[PDB]
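Under the entry's author numbering, the letters of the first sequence match residues 2 to 51, in that order. Just so you know, even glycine gets a beta-carbon here, dropped at the ideal spot from N, CA and C. Read the structure below first, then the notes.
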Amino acid sequence: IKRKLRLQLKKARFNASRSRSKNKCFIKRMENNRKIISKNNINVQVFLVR
RNA sequence: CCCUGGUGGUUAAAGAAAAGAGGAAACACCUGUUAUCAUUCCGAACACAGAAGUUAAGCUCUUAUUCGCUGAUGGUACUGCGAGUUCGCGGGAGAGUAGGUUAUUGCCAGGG
């Protein structure tokens, strides 16, 4: 099988193998962060997670 | 203060064309080349000497926006970033369209 195609295919399969549950957790976190940022003049605690 | 003439600032056509209104003052057209001046020839422009006449033109004002110029709100193109992917967040045209536009203003002189 040709190397160009198999590299494309392997990369596409890795990309597509993401879990919707994890995506939903990330979406929930993003929504929470945007809601907090929408505020103004409050003390906020920032954790680094990535 | 206002009209007119001259001189600045504020730059969005503060643009040209067509039609109408005036001209007291001011301005312009207009008179003569003969005096200094100018033209690669020509008082046309300019230069000089003056006021007989006029709104015709330039100019000012009023006009349909006829040409131009300017321009929405949305939408789209495009773009930053993202463990949401033809998506999530942020910014947002050009063009087109509803429209709008023939300025405004500081201070010198003449007199209404």
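Check: Spatial neighbours of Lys5 within its chain, please: CB distance less than 6 Å, with the 5 preceding and 5 following residues excluded, ordered by chain position.; Outcome: none
Check: Which residues mark the beginning and the end of the alpha helix (DSSP H) in which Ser22 is found?; Outcome: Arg21 to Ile38
Check: Express the C-alpha separation of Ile43 and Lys12 in angstroms, rounding to a whole number.; Outcome: 44 Å
Check: For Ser18 and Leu10, what's the separation of their Cα atoms in angstroms?; Outcome: 12 Å
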